[PDB]
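# Architecture and fold: a report
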Amino acid sequence: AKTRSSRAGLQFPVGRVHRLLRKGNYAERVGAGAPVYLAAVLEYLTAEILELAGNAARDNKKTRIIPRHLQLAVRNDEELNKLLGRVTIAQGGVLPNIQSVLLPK
Amino acid sequence: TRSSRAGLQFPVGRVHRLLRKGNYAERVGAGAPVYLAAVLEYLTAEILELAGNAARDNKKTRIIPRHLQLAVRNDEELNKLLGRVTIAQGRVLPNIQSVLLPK
Amino acid sequence: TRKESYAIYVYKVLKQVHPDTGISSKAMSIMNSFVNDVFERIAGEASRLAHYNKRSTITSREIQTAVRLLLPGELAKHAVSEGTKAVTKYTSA
Amino acid sequence: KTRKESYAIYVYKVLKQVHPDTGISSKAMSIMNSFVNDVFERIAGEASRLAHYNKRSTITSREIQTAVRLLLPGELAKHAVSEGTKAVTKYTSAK
Amino acid sequence: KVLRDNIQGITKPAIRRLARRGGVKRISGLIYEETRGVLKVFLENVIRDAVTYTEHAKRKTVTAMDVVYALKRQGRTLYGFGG
Amino acid sequence: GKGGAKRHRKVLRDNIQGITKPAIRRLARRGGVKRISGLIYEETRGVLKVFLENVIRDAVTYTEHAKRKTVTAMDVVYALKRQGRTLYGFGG
Amino acid sequence: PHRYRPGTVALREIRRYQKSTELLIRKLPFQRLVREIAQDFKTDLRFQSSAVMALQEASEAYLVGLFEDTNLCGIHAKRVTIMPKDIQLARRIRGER
Amino acid sequence: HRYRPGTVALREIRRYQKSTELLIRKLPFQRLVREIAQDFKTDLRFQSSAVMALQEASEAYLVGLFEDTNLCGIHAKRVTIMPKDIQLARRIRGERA
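Residues numbered from 1 in each chain as written, not as in the entry; some residues may be left out. Chains lettered and ligands numbered in written order. Part of a larger assembly, values for the part shown. Heavy atoms only, no water. Residues with missing side-chain atoms left out of burial classes, pairs and counts.

The deposited coordinates for this entry were obtained by cryo-EM, with a reported resolution of 10 Å.

Labelled according to the PDB entry, chain H appears under the name Histone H3, originating from Xenopus laevis. UniProt, in the comment section headed Sequence similarities (unreviewed entry), describes chain H in these words: "Belongs to the histone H3 family." (UniProt positions renumbered as here; feature names shortened; annotations may be inferred.)

For chain F, the PDB entry supplies the name Histone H4 and the organism Xenopus laevis.

Right, dumping it as structure tokens:
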């Protein structure tokens, strides 16, 4: 195979991410399978997030995926929103959640 | 030579090197090593003395950790700059909450 | 002149996993933003560590720990695995 | 031998400048260098950030100049600039 | 013309709706005024951070791009509109 | 109901039973509340435990990314730094 | 003749309003206000219409979050209505200020 | 010294403030760490300071906690720190859910 991505079996851009690691001043020498490793990683994460995003879209009767679909997808999972807890959302919107006691007798 | 020509108390030919070795931008602007020594000295001086005042407040010859925070914690400004940076052997300001009065 | 996007890379993988499905144009942009932030926190992480023990290299392990710390457990460990396999995949080839 | 350099010479004269026959513990001395080195990265890192936003490739004094302004509140900031601007201004005057 | 009678623009209802979004149930008369003050505090600081870069950039027409980085500084990163 | 070569050895340095309760109240008053609930102070250690792990989690990680057996105090600092509780005084 | 029992309307909307994404603040007044202060550093400067929104989102969400903290504390006291102090109490504890 | 009602209550507080010694012992704490630190990794070693440092962090961490707790406590018409008073504080700071 010519395309690097394919030699490592992936969709993520091997060499585009390599250059981005040199135009970001992060250091004097860039590693050889770092780039890939890193590409592949995000790849997973994207997937991870993008795997339920779709499921959320299934949930509400649509075949596409609008941003809230990313938002709910991230908040419910504890191991998802936990990391992004410092991320606020283009028109994120809100989980219906009403505190325990103001609900009525 | 640096302190001289610049006229500061801080090392101008020391922060230049780290800023180029930290690896901030491509090259380095001529502006900065000099400017960067200057504000630093300015901050250095702003604390020492209030720390001094604080030690004299409670009457002491030597300043020690306890003093430094007493100085800063009480000050409105410094206190915000170092709002969440927390501190060696420091203890705390006297504080008595209102309705916890011994009437 | 040359507006970059990571839309191309999302575009395949989307289909690979949910082929009867699509992306909002802004939802994709959000994702573009997300990756780069995500690219930087890590890269940032990577760099600091290199420097700490004076390491004129970001190797394939410097990133690995970096992620390990940066990420909450369940997600982190899978990603660690994908990572080594890939090196496994690529070097002999 | 070992290195472990610090800013001890700079902090000490400053204190001399502000109460000459006034003293310090060896515990507050490190707090001080810890404090300086901390502010060092805070300012110089931010400079690095702006430089490669609006598309340029070296870090000068102006940037610090800008950086400082929003890193600190109103009253200290102006005096701080002033001091900063002059020190250098004098520096150039000489040469 | 220096813009003023601005602070009010954010009328009774709009402040209130935020709060429902918040999950508050009800609200005393007094705090409509209190929040405006803060809102202002927050805008001031961010715009303060934002404006400098724009000036730094030899321009007036301050960009959305600055709004955001300036937000990233205060520590309110935003996903949505930038770079 | 026998002597039975009985030997008694139980563990009270590290384990939370061992630690001293006044050691806490000592802590409580610096804040200056008038009253301590029995229930409460038990919870408080509870949280201490939660805070303590995460740090060491990281600590351990930095000790280990360098292949070192001796855990550095700096190592703790960075840890604190990551959660935003960095300590002046130490390890510049 | 009929009028809804108190607290029957407010919750209903809470949710309706919780489900949606769309901004609550006004496009015109917001804008004017942003212009008002920006002038006060330097006078008569411009922003792309979006640049205004960028700014609009970051704060609209910001309040809603604080109101949520204000509410818990209202609850903690056996109360029912977010009072003033609670907000301040909240502000002080977060130790932003 | 006046009478005896709530006489020490405020007294100890003051003496504790003037001082700067560790609130919690420095011997139980020392093992507590060694013991959990094993569960996440084996064959562990510890710098003299490293713990000293943790003690500092932790102590300071709690006080701070209590300091708010107190406020909450006051808010409530109470001078009693309570098991929850702890929770709110944390919840709104955000480590606690």
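Read on for the rest.
Turning our attention to the overall build of chain F. Each helix and strand counted, chain F has three helices and two strands in total. What you see in chain F, going N to C, is helices and strands ordered as α-β-α-α-β. Radius of gyration (C-alpha) of chain F: 19 Å, far over the 12 Å computed for a compact globule of 92 residues. Each principal axis of the C-alpha distribution contributes one length, and for chain F these read about 60 × 45 × 20 Å. (Helix = DSSP H or I, 4+ residues; strand = E, 2+ residues; numbered from the N terminus. Rg over C-alpha atoms; globule rule 2.2 N^0.38 Å.)

To continue, consider the interface of chain D and chain B. In this complex, chain D contributes 49 residues to the contact, which on the side of chain B involves 48 residues. Interface of chain D and chain B: buried area, both sides summed, is about 4,500 Å²; carbon and sulfur atoms make up 73% of it. Inspection of the chain D/chain B interface yields one salt bridge. The closest approach of N and O atoms between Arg14 of chain B and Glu5 of chain D, which form a salt bridge, is 2.7 Å. Linking chain D with chain B are 13 residue pairs in polar contact. (Contact = heavy atoms within 4.5 Å. Buried area = accessible area lost by both parts, 1.4 Å probe. Salt bridge = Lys/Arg side-chain N within 4 Å of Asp/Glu carboxyl O. Polar contact = N/O pair within 3.5 Å; in protein donor to acceptor, adjacent residues only side chain to side chain.)

Once that is clear, we can look at the packing of aromatic side chains. The final tally for this structure, using the stated rule, is ten aromatic pairs over all chains. Both rings, one in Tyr26 of chain A and one in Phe39 of chain C, keep their centres 6.2 Å apart while their planes meet at 75 degrees; by these two values the pair is edge-to-face. Linking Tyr26 of chain A in the loop between α2 (14–20) and α3 (34–59) with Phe39 of chain C in helix α2 (residues 25–52), this pair reaches from one chain into another. Residue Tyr26 of chain A is classed as buried on the basis of its relative accessible area of 18%. Through a chain of ring-to-ring contacts, three or more aromatic side chains come together here, namely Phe10 of chain B together with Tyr7 and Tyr10 of chain D. A cation sits over an aromatic face here: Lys21 of chain F above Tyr41 of chain F, 4.5 Å from the ring centre. Against the face of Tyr16 of chain H rests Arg15 of chain H, its NZ or CZ located 4.8 Å from the ring centre. (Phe/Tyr/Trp six-rings, centres within 6.5 Å; stacked < 30°, edge-to-face > 60°. Buried < 20%, exposed > 50% of the residue type's maximum accessible area, 1.4 Å probe, protein only. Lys NZ or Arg CZ within 6 Å of the ring centre and 35° of its normal.)

Taken together, the side chains of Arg4, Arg7, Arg19, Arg22 and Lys23 of chain A together with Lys55 of chain D define a basic patch exposed on the protein surface. As for its position among the elements, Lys55 of chain D is in the loop between α2 (26–51) and β2 (58–59). (Patch = residues over 30% accessible without salt bridge, like charges linked within 9 Å, V, L, I, M, F, W, Y side chains within 5 Å. Areas by Shrake-Rupley, 256 points an atom, 1.4 Å probe, with all protein chains shown as cover. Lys, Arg positive; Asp, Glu negative; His and termini not counted. Charge placed at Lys NZ, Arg CZ, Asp CG, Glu CD.)

At their nearest, the axes of helix α2 (residues 31–56) of chain E and helix α2 (residues 27–41) of chain G sit 10 Å apart, and the two run at 60 degrees to each other. Here α2 of chain E is positioned oblique relative to α2 of chain G, judged by the angle of their axes. α2 of chain G is crossed by α2 of chain E, and the crossing has right-handed handedness. Contact with α2 of chain E, carried on its side by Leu39, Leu43, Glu44 and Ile47 of chain E, involves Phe30, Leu33 and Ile37 of chain G of α2 of chain G and no other residues of that element. Split by residue class, the contact of α2 of chain E with α2 of chain G holds six nonpolar, no polar and one charged. (Axes fitted to C-alpha atoms, helices over the stretch in contact; angles between N-to-C directions. Parallel < 35°, antiparallel > 145°, perpendicular 65-115°, else oblique. Left-handed = near helix turned anticlockwise from the far one by under 90°. Nonpolar A, V, L, I, M, F, W, Y, C, P; charged D, E, K, R; others polar.)

Moving on, we get to the arrangement of the chains. Sorting the 19 pairs of chains in contact by contact count puts chains B and D at the top. One finds no contact linking chain C with chain H; the least C-alpha distance across the pair is 13 Å.

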